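# Examining the three-dimensional arrangement
One-letter residues, chain by chain:
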Amino acid sequence: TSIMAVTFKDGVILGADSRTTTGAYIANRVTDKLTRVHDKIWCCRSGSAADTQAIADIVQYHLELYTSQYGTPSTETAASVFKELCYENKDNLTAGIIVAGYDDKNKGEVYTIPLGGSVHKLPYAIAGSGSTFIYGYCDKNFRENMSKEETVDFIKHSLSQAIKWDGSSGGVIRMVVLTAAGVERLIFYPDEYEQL
Amino acid sequence: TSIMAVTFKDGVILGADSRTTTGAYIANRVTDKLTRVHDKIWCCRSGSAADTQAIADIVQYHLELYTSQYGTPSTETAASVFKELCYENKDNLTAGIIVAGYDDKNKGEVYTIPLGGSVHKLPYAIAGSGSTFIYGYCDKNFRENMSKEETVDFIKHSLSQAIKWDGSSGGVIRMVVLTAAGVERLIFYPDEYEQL
Amino acid sequence: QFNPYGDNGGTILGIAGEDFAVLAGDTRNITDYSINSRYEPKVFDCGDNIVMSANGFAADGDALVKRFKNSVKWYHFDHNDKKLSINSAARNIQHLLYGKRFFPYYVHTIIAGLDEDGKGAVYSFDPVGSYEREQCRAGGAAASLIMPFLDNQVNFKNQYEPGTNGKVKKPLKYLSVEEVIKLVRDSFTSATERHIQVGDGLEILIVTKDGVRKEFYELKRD
Amino acid sequence: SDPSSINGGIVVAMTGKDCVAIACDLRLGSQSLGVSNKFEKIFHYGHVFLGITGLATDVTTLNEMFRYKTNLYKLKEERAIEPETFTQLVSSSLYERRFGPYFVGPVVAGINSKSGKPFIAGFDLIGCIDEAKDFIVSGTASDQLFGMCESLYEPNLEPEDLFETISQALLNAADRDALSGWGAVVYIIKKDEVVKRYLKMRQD
Amino acid sequence: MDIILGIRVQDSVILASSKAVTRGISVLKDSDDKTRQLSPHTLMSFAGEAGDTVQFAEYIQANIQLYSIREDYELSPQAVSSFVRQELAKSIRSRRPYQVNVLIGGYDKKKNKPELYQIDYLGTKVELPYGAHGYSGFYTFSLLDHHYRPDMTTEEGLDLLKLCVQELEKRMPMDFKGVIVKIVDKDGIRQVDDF
Amino acid sequence: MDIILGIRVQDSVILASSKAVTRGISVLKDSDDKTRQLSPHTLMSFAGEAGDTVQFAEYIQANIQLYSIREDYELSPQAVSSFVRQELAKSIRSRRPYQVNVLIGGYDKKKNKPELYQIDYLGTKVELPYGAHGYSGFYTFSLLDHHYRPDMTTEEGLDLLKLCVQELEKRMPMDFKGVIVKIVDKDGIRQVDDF
Amino acid sequence: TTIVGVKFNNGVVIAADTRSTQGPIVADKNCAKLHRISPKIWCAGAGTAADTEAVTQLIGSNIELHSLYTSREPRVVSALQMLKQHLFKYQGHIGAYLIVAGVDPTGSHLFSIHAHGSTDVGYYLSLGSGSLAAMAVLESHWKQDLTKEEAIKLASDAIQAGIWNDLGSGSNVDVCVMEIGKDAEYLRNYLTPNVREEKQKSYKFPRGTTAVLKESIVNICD
Amino acid sequence: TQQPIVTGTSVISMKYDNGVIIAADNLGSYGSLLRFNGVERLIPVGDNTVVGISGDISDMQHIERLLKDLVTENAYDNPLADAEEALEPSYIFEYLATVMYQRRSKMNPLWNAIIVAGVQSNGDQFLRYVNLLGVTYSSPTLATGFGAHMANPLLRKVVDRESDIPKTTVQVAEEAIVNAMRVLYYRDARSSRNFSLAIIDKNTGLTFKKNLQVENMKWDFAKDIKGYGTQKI
Amino acid sequence: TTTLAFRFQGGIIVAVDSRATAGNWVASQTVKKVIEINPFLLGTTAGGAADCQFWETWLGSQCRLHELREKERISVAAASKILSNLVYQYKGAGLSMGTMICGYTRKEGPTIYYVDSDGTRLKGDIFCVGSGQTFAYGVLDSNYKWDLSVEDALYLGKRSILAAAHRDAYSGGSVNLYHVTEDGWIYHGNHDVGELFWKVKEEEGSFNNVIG
Ligand SMILES: *[C@@](C)(CO)[C@](*)(O)[C@H](Cc1ccccc1)NC(=O)[C@H](Cc1ccc(OC)cc1)NC(=O)[C@H](C)NC(=O)CN1CCOCC1
Ligand SMILES: *[C@@](C)(CO)[C@](*)(O)[C@H](Cc1ccccc1)NC(=O)[C@H](Cc1ccc(OC)cc1)NC(=O)[C@H](C)NC(=O)CN1CCOCC1
Ligand SMILES: *[C@@](C)(CO)[C@](*)(O)[C@H](Cc1ccccc1)NC(=O)[C@H](Cc1ccc(OC)cc1)NC(=O)[C@H](C)NC(=O)CN1CCOCC1
Ligand SMILES: *[C@@](C)(CO)[C@](*)(O)[C@H](Cc1ccccc1)NC(=O)[C@H](Cc1ccc(OC)cc1)NC(=O)[C@H](C)NC(=O)CN1CCOCC1
Ligand SMILES: [Mg+2]
Ligand SMILES: [Mg+2]
């Protein structure tokens, strides 16, 4: 995997490739790695598909039960539940998860959770095997309070390079926009992004 | 290490960091990884210091003996001698070498030699542990027939990011310019490049 | 893979006299080739005129001393403030150590004090609880350097009476507190010279019927 | 299967006022089994004395090798080899087997016949020279010997007093080691006389 | 191979050597002679790795016999033992070392003295009043420490040897099918048939 | 532990069991009885891991004796063997399995027939005319294939057993210090003192 | 070990401690780690003790023969080239970690060599177990345009940092100054800050204490 | 049984006449990758203690929560929670020390090295170390990781023994710490330029300094270095 | 270690060495390897020191509880089996114990039981246990008769330990003697090998391998 989440003026955008691998064979070339744990709290999944999937399901269950009792949870709360699972089961898990969500008070927020189970709140985050190739690019090109169009371009160009160099990344570039307006799904095909 | 070589309008430029490590300890923070095998044929050394050093010495010896008999060798010839050593002793060597040189006929040329002992002629090349973090940046920002000032900026910005992310890279940024004019050595200190 | 043990170095030494007993130990603490502390005491007054040291892995050492100190406390609560005799303390420590027979405390333990006849006493333990009363014992990293010196100077081993054709042995006798401290200081300066994990400082705890006195001496800091 | 601690044994050397002393135990065993109580570990070539601890086959081999080399030396040089020179010869010979070494801990001792100066030296198995003013130790009870020597030794001891010091250093160190003991021999060396004494020590 | 003993007395050297040759769960032979005559007044018993033992013993035998012919003179027990030790001392640092332990019992005709040498596969030589290789020593050495006297006769030495064999037959786990005994003295080498 | 044999003849079952108990290079005992009487007409010999053997044998003995008291009735050799097999069949999939092999020799008073069962530590039971555990079988089975007849007397069975012991003493590497022989028939269990 | 090298105005200085270790035991309390390759080219050695001695002697011998052959004073780069090509051939198995320094007709020089055969250049360098303790001092106090006296002070201070803080280093400080135009001065035991204190007692035994079985005069003459 | 993933490097500290100083860089390394740059590894407990932590960051954050929770628990049914019965450095240390040893004893350690720096209620300077093995020790200067090898030597030149503590001012002590941090930046491959520093004085109290940078660096001599031996150019 | 005990006409002799080892390091020369369980029971220690010391002391407590509960001294057989059943529960965990339970009772007479840490329990007349058991066996077996006197039997036991103390590198220090009769155990002193060896060598004329 190549995955990332980026905060901007109106909220936050999540981005991911669509490649799942079992060795050098691509088991699924149209994977949806962007998964909903709540209305406007989503996550990007990297590492073991089975582990990240089992975790995301448990988190979705916890947040649904939270909402039933205490109303809409914060993005911080969601990240804390992810952390709790990843940290307490660090010995048996291979999961690298980015949590992104939109509050009306807190606007856009991004929390990244690496293997250890540690939590890190950031303006933007990158993760997965293909992220190594874009630390240089993303650092030079990220600005705070970007527009929606600027942020989409930033993610599209970033993941395009990550895909280009990483063999474990490819297919389509899926994105998910989280703003006050609502939730918007975007897709970008090879013919477009490859020739950027 | 982080190292690279880039061809441009007037010739070719080699670039490198200055960090040598024995584990997490920095054995030398002012290393000169750019080494002369001939007047206007230089190389960048990554991998085992002892191996790359022993190899570069043997190559320098071979090219000195070549010059005594057949006059100035081509940059291709120099790369072929590097290849021959690296390939035939692949089992006992850990060396990743970039060969760069200036002919008057062929202008600037860059050959890269990874672990295997294979040869690859390229417009520009990057190598060493810290290069992984700038594949995205360098691909987006490289143009052919750049000026001297543009190429120096490209290398300076590239190695700055490579250094920023790679723990095995750091110190000063040494560069070596190879043109018809002659040979020029450049240096760039942390206080300058860190805040780019 | 995680390794739960470590070696904090140093060395300790116990000598018994007629009406007294000493327990000495250097103040240096180390890991690998680094000095952690030049003054970190590991010889402790545990009450009831019992001094104790558990040299080796300091985490296990501190844990044990902490448990024995606590054992002394509960002995008073459960048995009407009765004084814990040195022989009883020894047997109690055996059970503490053997309690972790299959995941041991990595320490050589030495306690000192007076027996119930008022005479000086030194007991010494292996890591899993084996113990024996002696006049003399050195423990820890430099035990191998110091112990044979003690055999020669405290128990007069290999020493015969001059002119008796190696037939009559040198008679055993108790040593004065002044003579014992001389042997302790020489033992530690000698050990400091030839063992890298020993040095910095020497702290001696002397035990008489009057109580527990302390003495400190500088050691080479290299 | 640790070559340095199969057979067992110890050697110790000391300096005094115009004299040197070198001493060794007599044990040769095969791990726990004590086999021989007559196995001496000190040899001499002219006035230079060499003690060797470690793997007994190599102890024997090196003695035979150094006898060989000192004999040819004497024939060509027309004089007896000196301790300083012999020390260099040992170091050369040991390092010659750098990557297949003799598993030994040799110790040179003797008085230079020209200058009269007492001389002692030790080596590791690979040839590294250890020169010393005071004393040298070697063997399976080297730790014990270091502790005994460092405490008992003083400078400028007379031959009769130096004998007592070195003997007590060896005996009490040997009794704390399972693979050392079973008898002992001490050489007291003056400028032009050498006395050899067999010590009575505990036989366990 | 397994049990080889040696006892030096006043006027002779006595070597005892087990007769069993086992391999796996089968005793293939119970009358095996684990010795070779190197010269008229020198006998060598051996034990160790299968094949290596006999191959080494005969190789030494051939060399000593070659010397005897060349010089028309018998090498001393001390000289033979030193030759054997050097061969093993070479062997141990070879590509494939001889894993053989030997006892050399000989009568020195110049000194009129019996001599017993014990050499292991490393090349570790020692002269002894009594010797043994393998697990045998763990019983016989302490036994001989007690019962051995230096001024014993050959008859007294054989009784002393009977005492060793009885102890081994009682406490050793493996059946070694008794021993072949040989005496080395001024008159040469002879075998005791009834033991 | 090592050698345990069993022979079923016309009117009885004969069990032979070695007397040696060895550990390391020392035979600690040469008069050991490797058997337990489970009931008046049932005998079990055993061999295997040290400690496990006796602990298992006595544990079975205790259970069978408990049954005999409760029901005032002796369990058949077939019933006892099935009980023993099940205990071992449980054992093998335990945290620490009993490493014990047994032979159960018994006389069935209802059928008036001798019976010999062989059970290994896995719980593998078989009824046999003759049986053996460990390396013993590699010699005795082929020997008995030749010399065994089903209609033999007890005296003929003892001679047949002497033939086995002689072969083992000749070809086995280890000294097992002879055997204790016991006969199981209509009149119960008795020991042959002179073997 | 701890070893250093420091460049200054008109030359170069190297220094070293004097401790040798087998395991945790101090084998030699005053060994010489400063090695003469040629009169004005000296070498500080860390690692396998015999390797640093043997390799430095071999190259020193060949350098002498080369100097006689060429009728020229030997150069530091020659020793450097010969050492590194030798060490590289043995793929690190000769465990010598060297600081090579000296003056020659080209000028003053300072290099380091690792066991696998890699070489570095520098104004200040340090190798061995206490190189981190030393390098800390060098990084804190080194400057451009050092004088001779300043360079010796910096070099010996860096060695002291090793002596006190590193367990693999101790005893004394050896120094060797190599100035341009002058003879190299080898300062053996330049500092001796680890002198053993007076023992508390004399252990001189009464004559006849040791039991003897046999005596005999040994013949050393022909 | 663990292996550390996201890690923090050296924590250095020392005593001075009126209190203690402690410092640690703001980096969260992921092996050789210098992943996270905004990581605070000094965590104050009350107004009289600072806990510096190195090693696994996930475990550091767990310890953060434990300390945060300790302050809450101490306030419960405690009218003197901000006075006589406030949390002392020695109480905070012994708690962590207990946890660390209990975890190593269950073969599931918190993969950290910890230094608790603070001032006691009677004015005494407190400084003590504890790590994943439960090993504890105290000294005038304390440091973790590379700090132990490089910082301590420098800090011990200022305060070599106990008697040197009254003779050391806060100005001198802070200068030595800031210098040590620079040396670590030169020589530690998993260190950053940005760091945090904390001073706990018995008079002026807790001063927490953020966003500090290593400055006055010597790099100019690099330009004169060429090759690795022979090479005039 | 080296420990032995044998039955004979006049009761039971029990003899042990006194050395403790930590590899080739001699940890002690003055260790007590005979546990006095009661006036009629003895227990010898060999193997892991703490294991032996701890569990034989524990055995003594179980024997005391037996005679309190049953109003009768425990049998040698029962006492040995308590210990053997205990170590059997720990089988595989790594206990190292080589013990001999020796004593007299009315119903049994003089009795010796060998018990070790893999669960072996054996009644017998002669046993030698420890690293130097083979050396003791050599001297004991070759000199043993049932009709030995109390004086000769005591010496043979002492001499057998001495033999092993000499040859076995992991045995020595001093010999501790005991004699068990119908009236109970009798201590026959501590004998330092330092002096005992030369005394025996001179008087007996043995140990001719050593330089006299
Ligand atoms: C890229 C490919 C690599 O990091 C992504 O992280 C991607 C994440 C993803 C994939 C699908 C849906 C959501 C998120 N990871 C994978 O595709 C993953 C590769 C991987 C497997 C196991 C890992 O840790 C042990 C780490 C990375 N692929 C899978 O999980 C596939 C479906 N299954 C296997 O490869 C089976 N493995 C399971 C673990 O044991 C070995 C066999
Ligand atoms: C960066 C640091 C990592 O790739 C560079 O490649 C750098 C290249 C360099 C350094 C100095 C001069 C010219 C070029 N490499 C190193 O600094 C190198 C790290 C390294 C060592 C060994 C390798 O393969 C086995 C690969 C990378 N450092 C060294 O060579 C140092 C001086 N020596 C050691 O680390 C000793 N090693 C040697 C190999 O065996 C283990 C011990
Ligand atoms: C400091 C003291 C290391 O602690 C130095 O590096 C020192 C260098 C030195 C010493 C004397 C003279 C010149 C230079 N090194 C040693 O003292 C060295 C430490 C060491 C031991 C073993 C090593 O690799 C296995 C590496 C370093 N000690 C020795 O060489 C001693 C004298 N010899 C041995 O320990 C025997 N070695 C020989 C090498 O092979 C393994 C056994
Ligand atoms: C002879 C001397 C050979 O050891 C005896 O068996 C002797 C018997 C003995 C009995 C009571 C009191 C002291 C000595 N045994 C030892 O001295 C014994 C030898 C031994 C050590 C370790 C073993 O591993 C299980 C087995 C035997 N020595 C010790 O027990 C020493 C003093 N202690 C340790 O080694 C501590 N170890 C023991 C195992 O657990 C880890 C710590
Ligand atoms: Mg960097
Ligand atoms: Mg012994």
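Up top you'll find the structure we're talking about.
Residues numbered from 1 in each chain as written, not as in the entry; some residues may be left out. Chains lettered and ligands numbered in written order. Part of a larger assembly, values for the part shown. Heavy atoms only, no water.

Taken together, 17 residues form the shell around ligand 2, and within it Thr1(B), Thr20(B), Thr21(B), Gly47(B) and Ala49(B) come nearest. One chain alone does not account for the residues near ligand 2; they come from chains B and G. The side chain of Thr1(B) places a nitrogen or oxygen atom 2.4 Å from an oxygen atom of ligand 2. Separating a nitrogen atom of ligand 2 from a backbone N or O atom of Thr21(B) is a distance of 3.0 Å. Computed on the free molecule, ligand 2 has an accessible area of 780 Å², of which 70% lies beneath the protein chains in the complex. Of all the secondary-structure elements, those providing two or more residues to the shell around ligand 2 are β3 (20-22) and β6 (41-47) of chain B. (Near = heavy atom within 4 Å. Polar contact = N/O pair within 3.5 Å; in protein donor to acceptor, adjacent residues only side chain to side chain. Areas by Shrake-Rupley, 256 points an atom, 1.4 Å probe, with all protein chains shown as cover. Helix = DSSP H or I, 4+ residues; strand = E, 2+ residues; numbered from the N terminus.)

Attention now goes to the coordination of the magnesium ion (ligand 5). Residue and element names in this part refer to chain B. All of the protein donors around the magnesium ion (ligand 5) are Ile163 (O), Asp166 (O) and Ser169 (O); their distances to the metal are 2.6 to 2.7 Å. Each donor residue of the magnesium ion (ligand 5) belongs to the same chain, and together they define the spacing I-x2-D-x2-S. Comparing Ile163 with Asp166, the two get one shared label, buried. (Donors = N, O, S within 2.8 Å, 3.2 Å for Na, K, Ca; no water. Buried < 20%, exposed > 50% of the residue type's maximum accessible area, 1.4 Å probe, protein only.)

This part covers the sheet that holds strand β10 (residues 126-129) of chain I. All names here are of chain I. Across the sheet, which stays open at both edges, the five strands sit in the order β10-β1-β2-β11-β12 with antiparallel pairing between neighbours. With one partner strand each, in any of the chains shown, β10 and β12 (184-192) form the two edges of the open sheet. Going across the sheet, the axis of each strand differs from the next one's by a mean of 10°, ignoring polarity. Strand direction decides the pairing type here: strand β2 (residues 11-16) and strand β11 (residues 174-181), joined by five bridges, are antiparallel. The residue bridging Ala15 from the neighbouring strand is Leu177, located in β11. Seen against the sheet, helix α3 (residues 133-143) touches β1 (3-8) and β10 and runs at an angle of roughly 150° to β10. (Pairing = 2+ DSSP bridges. Axes fitted to C-alpha atoms, helices over the stretch in contact; angles between N-to-C directions. Contact = heavy atoms within 4.5 Å.)

Before going further, it helps to spend a moment on the pattern of salt bridges. The final tally for this structure, using the stated rule, is 101 salt bridges over all chains. For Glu218(C), the salt bridge goes to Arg161(H), with nearest N and O atoms at 3.6 Å. Placement of the pair is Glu218(C) in strand β12 (residues 211-218) and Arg161(H) in the loop between α3 (146-156) and α4 (170-187), with the two residues belonging to separate chains. Close ionic contact of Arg96(F) with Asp52(F) constitutes a salt bridge, the shortest N to O distance being 3.2 Å. Here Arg96(F) is found in the loop between α2 (77-91) and β7 (100-108), whereas its partner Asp52(F) is found in helix α1 (residues 52-71), with 44 residues between them in sequence. Since its relative accessible area comes to 29%, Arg96(F) is described here as partly exposed. Look at the salt bridges and you will find they share partners, linking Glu193(C), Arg194(C), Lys220(C), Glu150(D) and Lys29(G) into a network. (Salt bridge = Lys/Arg side-chain N within 4 Å of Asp/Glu carboxyl O.)

The next thing to look at is the site of ligand 3. Among the 16 residues in the neighbourhood of ligand 3, the closest are listed as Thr1(G), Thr21(G), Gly47(G), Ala49(G) and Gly168(G). One chain alone does not account for the residues near ligand 3; they come from chains D and G. Within the side chain of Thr1(G), one N or O atom sits 2.3 Å away from an oxygen atom of ligand 3. Contacts to ligand 3 include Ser20(G), whose side-chain N or O atom sits 3.4 Å from an oxygen atom. For ligand 3, whose accessible area on its own is 780 Å², the fraction buried by protein is 73%. Counting residues per element, the ones that place at least two in the shell around ligand 3 are β3 (20-22), β6 (41-47) and α1 (49-70) of chain G. Of the residues that constitute the shell around ligand 3, the class distribution is three nonpolar, nine polar and four charged. (Nonpolar A, V, L, I, M, F, W, Y, C, P; charged D, E, K, R; others polar.)

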